[PDB]
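Written out below as structure tokens is the structure these notes cover.
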Amino acid sequence: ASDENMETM
Amino acid sequence: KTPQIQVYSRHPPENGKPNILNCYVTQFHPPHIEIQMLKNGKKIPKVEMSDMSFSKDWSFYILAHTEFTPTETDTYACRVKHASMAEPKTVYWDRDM
Amino acid sequence: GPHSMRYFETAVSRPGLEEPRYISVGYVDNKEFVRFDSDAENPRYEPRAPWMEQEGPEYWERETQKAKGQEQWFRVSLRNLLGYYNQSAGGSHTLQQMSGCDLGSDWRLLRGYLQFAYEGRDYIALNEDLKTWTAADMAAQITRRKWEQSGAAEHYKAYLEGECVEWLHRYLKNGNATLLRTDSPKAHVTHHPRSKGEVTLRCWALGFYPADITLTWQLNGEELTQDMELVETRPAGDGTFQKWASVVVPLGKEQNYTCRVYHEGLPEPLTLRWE
């Protein structure tokens, strides 16, 4: 089960 | 990143004995590539393509295969067109390799 | 042995469109188990291993939502690097991610893993410490500095050491028969007569799993490190691998040269000769 990246690049 | 190709049968080649021919394309970037399998210099219809996957070194790979029955006369090759190459690469099948 | 879960996420920007194509591929023990592709007719997270069917249609819903948020993480992340590297959207661009964890034989956490690549070259990596960041060039500093002010590492360390570990314990349980399975290589030597009173002795190894194998050629117990031609481990297409090793050896001297094959799934190292 994948995660979600927090702050963008 | 420049594509590396292997053209090889799934099982040991036996003339007349039905097989699968594989075209393993690796070490390429970007993912847009164009793979064609040929029988006696002519584009084989009904070619299966693996879903786009990538490696630890970030480079992409794909496996194209076609059902084929080996014979002494019928030559098989694989033509690849990638953005990193000037002209398309062709790798001819050699049963001994 | 060691166990791992990885998520191989890719966003390719398409010129003359606001949404990039986003592909997420999940691997358990270096074997595709789940996938997502925005290009597909009705896009969602799909099972790639048969033991993945033993999952409720509400797990797939939870996951599919995650892919939808990632699509937007990537789209915004692509736009910004285009600016950092003074590029044009007239051309396609590639943002790649690799994240997951590694586990010992005892199913305990060894390391966390989170790496990013732009145009297929490293961009930013989370150091094994799960605290500090490594920027590849000057532009990756806009992102390293951005991620220190916002404390992004903390968010990841939490998942990589917590939920990632949890989920793999579940996947390694639900798929164990399939995951602990190995396939033994099936070797043979082929004879290739050639010019100058020379011959090629090609020792093959077929239908084996996992991909790691060691093929060595030996002259009466002594190894031929030098001038021994190889081939990259290639997939057969049936979920198993192939690889071969050749050596140019003079004629008649066939029985002096021995071939050894090593692999996890073997009742012992293979030893073999021509005929």
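Protein chains in written order, with the authors' numbering: chain I, 1 to 9; chain B, 3 to 99; chain A, 1 to 275. Every residue gets a Cβ at the ideal spot worked out from N, C-alpha and C, and that includes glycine.
- Annotation for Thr240 (chain A): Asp183, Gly207, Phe208, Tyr209 place their beta carbon closer than 7 Å to its own, counting only its chain and skipping 5 residues before and after.
- According to DSSP, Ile142 (chain A) shares a beta bridge with no other residue.
- One thing to note: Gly112 (chain A) has its Cβ within 9 Å of the Cβ of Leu126 (chain A).
- As a beta-bridge residue in DSSP terms, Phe116 (chain A) pairs with A:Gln97, A:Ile124.
- The beta-bridge partner set that DSSP reports for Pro57 (chain A) is empty.
- Assignment of beta strand (DSSP E) within the segment 4 to 91 of chain B, counting only whole runs of 3 or more residues, yields 6 to 11, 21 to 30, 35 to 41, 62 to 70, 78 to 84 in chain order.
- For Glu32 (chain A), the enclosing beta strand (DSSP E) stretches over residues 31 to 37.
- The continuous stretches of alpha helix (DSSP H) do not include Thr258 (chain A), which lies in the beta strand (DSSP E) extending over residues 257 to 262.
- The three-state secondary structure of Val76 (chain A), taken from DSSP, is helix.
- No Cβ-Cβ contact shorter than 9 Å links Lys45 (chain B) with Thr77 (chain B).
- Interface annotation for the segment 9 to 23 of chain A against chain B: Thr10, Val12, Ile23, criterion Cβ-Cβ distance under 7 Å.
- Under DSSP, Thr216 (chain A) takes part in a beta bridge, and its partners are A:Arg260.
- Interface with chain A (9 Å Cβ-Cβ cutoff): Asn24 (chain B) is included.
- At a cut-off of 9 Å between C-beta atoms, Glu119 (chain A) does not count as an interface residue with respect to chain I.
- Between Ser55 (chain B) and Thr4 (chain B), the C-beta spacing is not below 9 Å.
- DSSP, reduced to helix, strand and coil, places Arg14 (chain A) outside both helices and strands of the structure shown, so it counts as coil.
- Within the segment 37 to 68 of chain A, contact with chain I at the beta-carbon level (separation under 7 Å) is assigned to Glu63, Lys66.
- Annotation: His169 (chain A) to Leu180 (chain A) spans about 14 Å, alpha carbon to alpha carbon.
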